[PDB]
Amino acid sequence: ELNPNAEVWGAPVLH
Amino acid sequence: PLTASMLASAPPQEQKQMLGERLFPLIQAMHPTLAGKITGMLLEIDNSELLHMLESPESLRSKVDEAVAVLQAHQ
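These notes cover the structure that comes with them. (Residues numbered from 1 in each chain as written, not as in the entry; some residues may be left out. Chains lettered and ligands numbered in written order. Heavy atoms only, no water.)

For chain B, the count of helices and strands is five helices and zero strands. The helix and strand sequence of chain B, counted from the amino end, reads α-α-α-α-α. The C-alpha radius of gyration computed for chain B amounts to 12 Å, which stays within 12% of the reference 11 Å derived for 75 residues, consistent with globular compactness. Along the three orthogonal principal directions, the C-alpha set of chain B runs to about 40 × 25 × 20 Å. Considering only intrachain contacts with a sequence separation of at least 6, the fraction spanning at least 24 residues in chain B is 53%. Accessible area for chain B stands at about 4400 Å²; split by element, carbon and sulfur atoms hold 55% of it. Computing the positive centroid from 5 side-chain charges and the negative centroid from 9, chain B places the two 3 Å apart. (Helix = DSSP H or I, 4+ residues; strand = E, 2+ residues; numbered from the N terminus. Rg over C-alpha atoms; globule rule 2.2 N^0.38 Å. Contact = heavy atoms within 4.5 Å. Areas by Shrake-Rupley, 256 points an atom, 1.4 Å probe, with all protein chains shown as cover. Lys, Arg positive; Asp, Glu negative; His and termini not counted. Charge placed at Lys NZ, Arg CZ, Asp CG, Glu CD.)

Across the contact, 19 residues belong to chain B and eight residues belong to chain A. Interface area lost by chain B to chain A is led by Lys37(B), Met41(B) and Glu44(B), which between them contribute 38%. Linking chain B with chain A are zero salt bridges. Where chain B meets chain A, there are three residue pairs in polar contact. Of all the secondary structure elements, the ones that give two or more residues to the side of chain B that touches chain A are α2 (12-28), α3 (35-42) and α5 (57-72) of chain B. Partitioned by chemical class, the residues of the side of chain B that touches chain A number eight nonpolar, six polar and five charged. (Buried area = accessible area lost by both parts, 1.4 Å probe. Salt bridge = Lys/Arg side-chain N within 4 Å of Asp/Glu carboxyl O. Polar contact = N/O pair within 3.5 Å; in protein donor to acceptor, adjacent residues only side chain to side chain. Nonpolar A, V, L, I, M, F, W, Y, C, P; charged D, E, K, R; others polar.)

Before going further, it helps to spend a moment on the pattern of salt bridges. Pairs can form between side chains of opposite charge whenever their charged atoms are close. All names here are of chain B. Per the counting criterion, the structure on display carries three salt bridges over all chains. A salt bridge links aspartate 65 to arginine 61; the nearest nitrogen and oxygen atoms lie 2.5 Å apart. Highlighted residues: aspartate 65 and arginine 61, both in helix α5, separated by four residues, approximately one helical turn. You can call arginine 61 partly exposed: its relative accessible area is 34%. Bridged by salt links that share partners, the residues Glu58, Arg61 and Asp65 form one connected network. (Buried < 20%, exposed > 50% of the residue type's maximum accessible area, 1.4 Å probe, protein only.)

Residues and elements named next belong to chain B. Although it is not a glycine, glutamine 75 adopts a positive phi angle of roughly 110°. Residue position: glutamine 75 is located in the segment after α5. The exposure class assigned to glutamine 75 is exposed, which follows from its relative accessible area of 94%.

Structural measurements only, silent on function.
In structure tokens form, the structure reads like this:
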């Protein structure tokens, strides 16, 4: 079963 | 081009990253903005299954469709 709360993969860390 | 042998020899801590870098662009071709989320969902699956998905568009499609169904039910 897949998890809808799994984290966004590959999102860049910037400000 | 990823074999089970090459993946398993990489440190467990970098295996998911290697799979992600390969999966994300394939998924982005189907879901241009949801690809990061769907990739995150799929990365929770066993690596053996993920390797098969990378090589087989029909297995990847069915897993992507499953993730999208799950997302549809959560808003």
